Amino acid sequence: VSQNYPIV
Amino acid sequence: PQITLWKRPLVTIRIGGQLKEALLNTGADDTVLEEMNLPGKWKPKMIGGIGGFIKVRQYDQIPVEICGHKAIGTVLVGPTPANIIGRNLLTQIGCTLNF
Amino acid sequence: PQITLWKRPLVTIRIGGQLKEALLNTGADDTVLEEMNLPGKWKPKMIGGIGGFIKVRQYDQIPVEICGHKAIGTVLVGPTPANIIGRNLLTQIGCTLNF
C-alpha cells in the first residue's frame, strides 16, 4: 500500500 | 503557495487539454503521467525505481500548467501507478524544499 | 535551508551511528534505505514503487539525523535503488514544498 516514487 | 507533507503533495495540472491530479515528486527528475492518448511523435524509454522498470513514451516540448504556473518540457506517458511531477518541471515553476 | 531542484536533493544523514547519503523524496510516503543492519526488532512489509512492489524490513522508532535535524520514526530497509527520506520523516524536520 505504501507508495514511494524515486526514479533512477 | 506552501504545501506541507502530512499527506501526499497532490496538485492540479493542465496538460494536453486535460486537468489532472499529480504528485509533486522531488525524488525524480522526470515527469510521468498515467496512460493518456497524447498526439505527436515520441520515443521509447525505460524508467526505473522501487519495484523495477516500466516502459513509457517520451513526449518533448509539452506545455504543462501546475497550479497556475506554466511550464513546458518532457513528459513520459505509461503504466505508472500515479501522475508524477519531477524536478524537470518543478524547477520551471520555482519550487523549493524548505526546513 | 532552502533547496533548489536543479540537482538531486541529496543530504547526509546519521542512523545507527553511521553516516549515509539520502535523497529528500516528497514522492515517497516512507523512508527506505538500502540493505543494512539496524538494532532492534523489525517486521516484514511490502511497499510499492514506480516499477512494482518489493519486500522490506520495517524498523520502528529509529533515530535519524537529517542535515542536522533530528527525527525518530519508521525506517524501511530493502532493495531500493537509493536511500530515500520520505514524508514520514520529512514532516518531522518541518520540510515543506514552496513555489
# chains A, B, ... in the order shown; residues from 1 in each chain; ligands from 1
>>> residues_around(residues="residue 4 of chain A", least_positions_apart="2", cutoff="7 Å", atoms="only C-alpha atoms", output="list in words")
residues 2 and 6 of chain A; 27, 28, 29, 30, 48 and 49 of chain C
>>> residues_around(residues="residue 5 of chain A", least_positions_apart="4", cutoff="12 Å", atoms="only C-alpha atoms", output="PDB file with N, CA and C atoms, in the first residue's frame")
ATOM      1  N   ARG B   8       0.170  13.170   0.797  1.00  0.00           N
ATOM      2  CA  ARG B   8       0.831  13.255  -0.497  1.00  0.00           C
ATOM      3  C   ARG B   8       0.583  14.647  -1.071  1.00  0.00           C
ATOM      4  N   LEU B  23       1.264  14.392  -8.263  1.00  0.00           N
ATOM      5  CA  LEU B  23       2.079  14.465  -7.053  1.00  0.00           C
ATOM      6  C   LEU B  23       3.423  15.165  -7.286  1.00  0.00           C
ATOM      7  N   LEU B  24       3.704  16.220  -6.519  1.00  0.00           N
ATOM      8  CA  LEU B  24       4.984  16.924  -6.645  1.00  0.00           C
ATOM      9  C   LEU B  24       6.023  15.937  -6.132  1.00  0.00           C
ATOM     10  N   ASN B  25       6.933  15.517  -7.005  1.00  0.00           N
ATOM     11  CA  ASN B  25       7.912  14.495  -6.647  1.00  0.00           C
ATOM     12  C   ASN B  25       9.382  14.884  -6.784  1.00  0.00           C
ATOM     13  N   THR B  26       9.988  15.305  -5.678  1.00  0.00           N
ATOM     14  CA  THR B  26      11.392  15.704  -5.695  1.00  0.00           C
ATOM     15  C   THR B  26      12.335  14.523  -5.901  1.00  0.00           C
ATOM     16  N   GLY B  27      11.805  13.310  -5.792  1.00  0.00           N
ATOM     17  CA  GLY B  27      12.630  12.124  -5.952  1.00  0.00           C
ATOM     18  C   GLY B  27      12.848  11.652  -7.379  1.00  0.00           C
ATOM     19  N   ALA B  28      12.341  12.407  -8.348  1.00  0.00           N
ATOM     20  CA  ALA B  28      12.506  12.040  -9.750  1.00  0.00           C
ATOM     21  C   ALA B  28      12.789  13.262 -10.609  1.00  0.00           C
ATOM     22  N   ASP B  29      13.672  13.118 -11.594  1.00  0.00           N
ATOM     23  CA  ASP B  29      13.960  14.246 -12.474  1.00  0.00           C
ATOM     24  C   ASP B  29      12.903  14.290 -13.576  1.00  0.00           C
ATOM     25  N   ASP B  30      12.393  13.122 -13.956  1.00  0.00           N
ATOM     26  CA  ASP B  30      11.374  13.034 -14.997  1.00  0.00           C
ATOM     27  C   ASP B  30       9.966  13.217 -14.459  1.00  0.00           C
ATOM     28  N   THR B  31       9.056  13.561 -15.365  1.00  0.00           N
ATOM     29  CA  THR B  31       7.640  13.730 -15.054  1.00  0.00           C
ATOM     30  C   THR B  31       6.928  12.573 -15.761  1.00  0.00           C
ATOM     31  N   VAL B  32       6.168  11.781 -15.010  1.00  0.00           N
ATOM     32  CA  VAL B  32       5.476  10.639 -15.601  1.00  0.00           C
ATOM     33  C   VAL B  32       3.970  10.690 -15.372  1.00  0.00           C
ATOM     34  N   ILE B  47      12.144   3.560 -17.543  1.00  0.00           N
ATOM     35  CA  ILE B  47      12.452   4.260 -16.298  1.00  0.00           C
ATOM     36  C   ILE B  47      12.346   3.294 -15.123  1.00  0.00           C
ATOM     37  N   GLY B  48      13.217   3.463 -14.132  1.00  0.00           N
ATOM     38  CA  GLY B  48      13.188   2.552 -13.005  1.00  0.00           C
ATOM     39  C   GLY B  48      13.199   3.188 -11.630  1.00  0.00           C
ATOM     40  N   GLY B  49      12.783   2.397 -10.649  1.00  0.00           N
ATOM     41  CA  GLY B  49      12.731   2.836  -9.268  1.00  0.00           C
ATOM     42  C   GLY B  49      12.372   1.631  -8.419  1.00  0.00           C
ATOM     43  N   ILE B  50      11.742   1.857  -7.271  1.00  0.00           N
ATOM     44  CA  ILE B  50      11.361   0.743  -6.416  1.00  0.00           C
ATOM     45  C   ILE B  50      10.433  -0.183  -7.201  1.00  0.00           C
ATOM     46  N   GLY B  51      10.759  -1.474  -7.217  1.00  0.00           N
ATOM     47  CA  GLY B  51       9.940  -2.427  -7.938  1.00  0.00           C
ATOM     48  C   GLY B  51      10.500  -2.803  -9.299  1.00  0.00           C
ATOM     49  N   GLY B  52      11.370  -1.960  -9.846  1.00  0.00           N
ATOM     50  CA  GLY B  52      11.957  -2.257 -11.141  1.00  0.00           C
ATOM     51  C   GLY B  52      11.684  -1.203 -12.196  1.00  0.00           C
ATOM     52  N   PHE B  53      11.684  -1.625 -13.459  1.00  0.00           N
ATOM     53  CA  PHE B  53      11.465  -0.712 -14.585  1.00  0.00           C
ATOM     54  C   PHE B  53      10.153  -0.892 -15.344  1.00  0.00           C
ATOM     55  N   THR B  80       2.243   4.071 -15.159  1.00  0.00           N
ATOM     56  CA  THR B  80       2.694   4.452 -13.828  1.00  0.00           C
ATOM     57  C   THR B  80       1.506   4.378 -12.876  1.00  0.00           C
ATOM     58  N   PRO B  81       1.736   3.944 -11.628  1.00  0.00           N
ATOM     59  CA  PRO B  81       0.618   3.871 -10.681  1.00  0.00           C
ATOM     60  C   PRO B  81       0.163   5.252 -10.177  1.00  0.00           C
ATOM     61  N   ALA B  82       0.791   6.316 -10.678  1.00  0.00           N
ATOM     62  CA  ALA B  82       0.430   7.676 -10.270  1.00  0.00           C
ATOM     63  C   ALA B  82       1.060   8.767 -11.138  1.00  0.00           C
ATOM     64  N   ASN B  83       0.345   9.879 -11.315  1.00  0.00           N
ATOM     65  CA  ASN B  83       0.875  11.011 -12.085  1.00  0.00           C
ATOM     66  C   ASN B  83       1.949  11.626 -11.192  1.00  0.00           C
ATOM     67  N   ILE B  84       3.158  11.740 -11.738  1.00  0.00           N
ATOM     68  CA  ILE B  84       4.312  12.276 -11.021  1.00  0.00           C
ATOM     69  C   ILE B  84       4.926  13.509 -11.679  1.00  0.00           C
ATOM     70  N   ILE B  85       5.071  14.591 -10.919  1.00  0.00           N
ATOM     71  CA  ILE B  85       5.699  15.796 -11.457  1.00  0.00           C
ATOM     72  C   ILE B  85       7.146  15.803 -10.940  1.00  0.00           C
ATOM     73  N   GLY B  86       8.105  15.640 -11.851  1.00  0.00           N
ATOM     74  CA  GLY B  86       9.511  15.602 -11.474  1.00  0.00           C
ATOM     75  C   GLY B  86      10.239  16.934 -11.426  1.00  0.00           C
TER      76      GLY B  86
ATOM     77  N   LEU C  23      18.256  10.794  -0.373  1.00  0.00           N
ATOM     78  CA  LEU C  23      17.553  11.734  -1.238  1.00  0.00           C
ATOM     79  C   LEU C  23      16.230  12.172  -0.615  1.00  0.00           C
ATOM     80  N   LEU C  24      16.032  13.481  -0.497  1.00  0.00           N
ATOM     81  CA  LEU C  24      14.785  14.012   0.066  1.00  0.00           C
ATOM     82  C   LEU C  24      13.712  13.749  -0.988  1.00  0.00           C
ATOM     83  N   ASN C  25      12.779  12.860  -0.666  1.00  0.00           N
ATOM     84  CA  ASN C  25      11.753  12.441  -1.611  1.00  0.00           C
ATOM     85  C   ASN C  25      10.312  12.743  -1.201  1.00  0.00           C
ATOM     86  N   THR C  26       9.751  13.824  -1.735  1.00  0.00           N
ATOM     87  CA  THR C  26       8.381  14.193  -1.408  1.00  0.00           C
ATOM     88  C   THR C  26       7.381  13.222  -2.044  1.00  0.00           C
ATOM     89  N   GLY C  27       7.862  12.404  -2.977  1.00  0.00           N
ATOM     90  CA  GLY C  27       7.005  11.441  -3.647  1.00  0.00           C
ATOM     91  C   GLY C  27       7.036  10.074  -2.983  1.00  0.00           C
ATOM     92  N   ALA C  28       7.573  10.025  -1.774  1.00  0.00           N
ATOM     93  CA  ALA C  28       7.641   8.776  -1.039  1.00  0.00           C
ATOM     94  C   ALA C  28       6.918   8.908   0.300  1.00  0.00           C
ATOM     95  N   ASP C  29       5.980   8.000   0.557  1.00  0.00           N
ATOM     96  CA  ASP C  29       5.247   8.012   1.823  1.00  0.00           C
ATOM     97  C   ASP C  29       6.202   7.688   2.969  1.00  0.00           C
ATOM     98  N   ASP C  30       7.120   6.760   2.710  1.00  0.00           N
ATOM     99  CA  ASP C  30       8.066   6.303   3.726  1.00  0.00           C
ATOM    100  C   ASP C  30       9.550   6.514   3.430  1.00  0.00           C
ATOM    101  N   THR C  31      10.369   6.224   4.437  1.00  0.00           N
ATOM    102  CA  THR C  31      11.820   6.354   4.350  1.00  0.00           C
ATOM    103  C   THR C  31      12.381   4.951   4.110  1.00  0.00           C
ATOM    104  N   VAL C  32      13.011   4.769   2.955  1.00  0.00           N
ATOM    105  CA  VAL C  32      13.551   3.471   2.562  1.00  0.00           C
ATOM    106  C   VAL C  32      15.045   3.544   2.290  1.00  0.00           C
ATOM    107  N   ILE C  47       5.966  -2.741   0.032  1.00  0.00           N
ATOM    108  CA  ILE C  47       5.704  -1.374  -0.411  1.00  0.00           C
ATOM    109  C   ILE C  47       5.687  -1.298  -1.931  1.00  0.00           C
ATOM    110  N   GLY C  48       5.100  -0.226  -2.457  1.00  0.00           N
ATOM    111  CA  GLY C  48       5.012  -0.053  -3.897  1.00  0.00           C
ATOM    112  C   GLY C  48       5.881   1.064  -4.445  1.00  0.00           C
ATOM    113  N   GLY C  49       6.317   0.889  -5.685  1.00  0.00           N
ATOM    114  CA  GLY C  49       7.157   1.874  -6.343  1.00  0.00           C
ATOM    115  C   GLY C  49       6.767   2.023  -7.799  1.00  0.00           C
ATOM    116  N   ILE C  50       7.526   2.820  -8.544  1.00  0.00           N
ATOM    117  CA  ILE C  50       7.243   3.054  -9.952  1.00  0.00           C
ATOM    118  C   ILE C  50       7.223   1.756 -10.770  1.00  0.00           C
ATOM    119  N   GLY C  51       8.080   0.804 -10.408  1.00  0.00           N
ATOM    120  CA  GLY C  51       8.140  -0.449 -11.146  1.00  0.00           C
ATOM    121  C   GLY C  51       7.373  -1.623 -10.562  1.00  0.00           C
ATOM    122  N   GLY C  52       6.824  -1.458  -9.365  1.00  0.00           N
ATOM    123  CA  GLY C  52       6.093  -2.551  -8.754  1.00  0.00           C
ATOM    124  C   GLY C  52       6.291  -2.613  -7.255  1.00  0.00           C
ATOM    125  N   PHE C  53       6.049  -3.782  -6.671  1.00  0.00           N
ATOM    126  CA  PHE C  53       6.174  -3.945  -5.226  1.00  0.00           C
ATOM    127  C   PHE C  53       7.398  -4.738  -4.791  1.00  0.00           C
ATOM    128  N   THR C  80      15.846  -0.962  -2.374  1.00  0.00           N
ATOM    129  CA  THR C  80      15.524   0.310  -3.001  1.00  0.00           C
ATOM    130  C   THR C  80      16.739   0.705  -3.842  1.00  0.00           C
ATOM    131  N   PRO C  81      16.517   1.392  -4.970  1.00  0.00           N
ATOM    132  CA  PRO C  81      17.624   1.813  -5.835  1.00  0.00           C
ATOM    133  C   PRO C  81      18.503   2.898  -5.223  1.00  0.00           C
ATOM    134  N   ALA C  82      18.001   3.531  -4.169  1.00  0.00           N
ATOM    135  CA  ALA C  82      18.732   4.588  -3.487  1.00  0.00           C
ATOM    136  C   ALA C  82      18.103   4.862  -2.129  1.00  0.00           C
ATOM    137  N   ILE C  84      16.275   6.842   0.449  1.00  0.00           N
ATOM    138  CA  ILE C  84      15.373   7.978   0.335  1.00  0.00           C
ATOM    139  C   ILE C  84      14.728   8.368   1.657  1.00  0.00           C
ATOM    140  N   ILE C  85      14.546   9.669   1.835  1.00  0.00           N
ATOM    141  CA  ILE C  85      13.906  10.177   3.034  1.00  0.00           C
ATOM    142  C   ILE C  85      12.491  10.534   2.601  1.00  0.00           C
ATOM    143  N   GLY C  86      11.513   9.802   3.131  1.00  0.00           N
ATOM    144  CA  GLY C  86      10.126  10.035   2.779  1.00  0.00           C
ATOM    145  C   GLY C  86       9.392  11.028   3.658  1.00  0.00           C
ATOM    146  N   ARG C  87       8.103  11.199   3.377  1.00  0.00           N
ATOM    147  CA  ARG C  87       7.267  12.138   4.111  1.00  0.00           C
ATOM    148  C   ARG C  87       7.167  11.882   5.608  1.00  0.00           C
TER     149      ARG C  87
END
>>> atom_distance(atom1="atom CA of residue 91 of chain C", atom2="atom CA of residue 1 of chain B")
17.0 Å
>>> residues_around(residues="residue 93 of chain C", least_positions_apart="6", cutoff="9 Å", atoms="only C-alpha atoms", output="compact mmCIF listing (two decimals) with N, CA, C and O atoms, in the first residue's frame")
# COMPACT_ATOMS: atom_id res chain seq x y z
N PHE B 99 13.26 23.81 5.14
CA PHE B 99 13.16 23.36 6.52
C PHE B 99 14.28 23.98 7.36
O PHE B 99 14.47 23.55 8.52
N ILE C 66 18.94 14.25 10.05
CA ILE C 66 18.94 14.66 8.65
C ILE C 66 19.41 16.11 8.53
O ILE C 66 18.72 17.02 8.97
N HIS C 69 19.09 17.90 11.57
CA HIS C 69 17.76 17.93 12.18
C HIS C 69 17.40 16.54 12.67
O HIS C 69 17.57 15.55 11.96
N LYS C 70 16.88 16.48 13.89
CA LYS C 70 16.53 15.21 14.50
C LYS C 70 15.12 14.71 14.20
O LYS C 70 14.14 15.46 14.23
N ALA C 71 15.05 13.43 13.91
CA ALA C 71 13.78 12.77 13.65
C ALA C 71 13.89 11.40 14.31
O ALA C 71 14.99 10.90 14.52
>>> residues_around(residues="residue 96 of chain C", least_positions_apart="5", cutoff="9 Å", atoms="only C-alpha atoms", output="short mmCIF file (atom, residue, chain, number, x, y, z; two decimals) with C-alpha atoms, in the first residue's frame")
data_model
loop_
_atom_site.label_atom_id
_atom_site.label_comp_id
_atom_site.auth_asym_id
_atom_site.auth_seq_id
_atom_site.Cartn_x
_atom_site.Cartn_y
_atom_site.Cartn_z
CA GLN B 2 3.35 26.32 0.65
CA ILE B 3 2.45 22.62 0.65
CA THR B 4 3.05 20.57 3.78
CA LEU B 5 3.85 16.87 3.65
CA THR B 96 11.93 24.51 -3.49
CA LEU B 97 12.17 22.35 -0.37
CA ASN B 98 12.47 24.29 2.89
CA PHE B 99 13.16 23.36 6.52
CA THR C 26 8.38 14.19 -1.41
CA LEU C 90 10.31 14.96 6.21
CA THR C 91 7.32 16.17 8.23
#
>>> closest_residue(among="B:21, B:74, B:92, B:37", to="residue 9 of chain B", atoms="only C-alpha atoms")
B:21
>>> select_by_dssp(residues="chain B", states="alpha helix (DSSP H)", output="MDAnalysis selection string")
chainID B and resid 87:90
>>> write_last_selection(atoms="N, CA and C atoms", output="tab-separated table (two decimals), in the first residue's frame")
chain	number	residue	atom	x	y	z
B	87	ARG	N	11.51	16.89	-11.04
B	87	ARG	CA	12.31	18.11	-10.92
B	87	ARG	C	12.44	18.91	-12.22
B	88	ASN	N	12.35	18.24	-13.36
B	88	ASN	CA	12.47	18.94	-14.64
B	88	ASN	C	11.45	20.07	-14.75
B	89	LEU	N	10.24	19.83	-14.26
B	89	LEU	CA	9.19	20.85	-14.32
B	89	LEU	C	9.09	21.64	-13.01
B	90	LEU	N	9.48	21.02	-11.90
B	90	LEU	CA	9.42	21.69	-10.61
B	90	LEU	C	10.32	22.93	-10.59
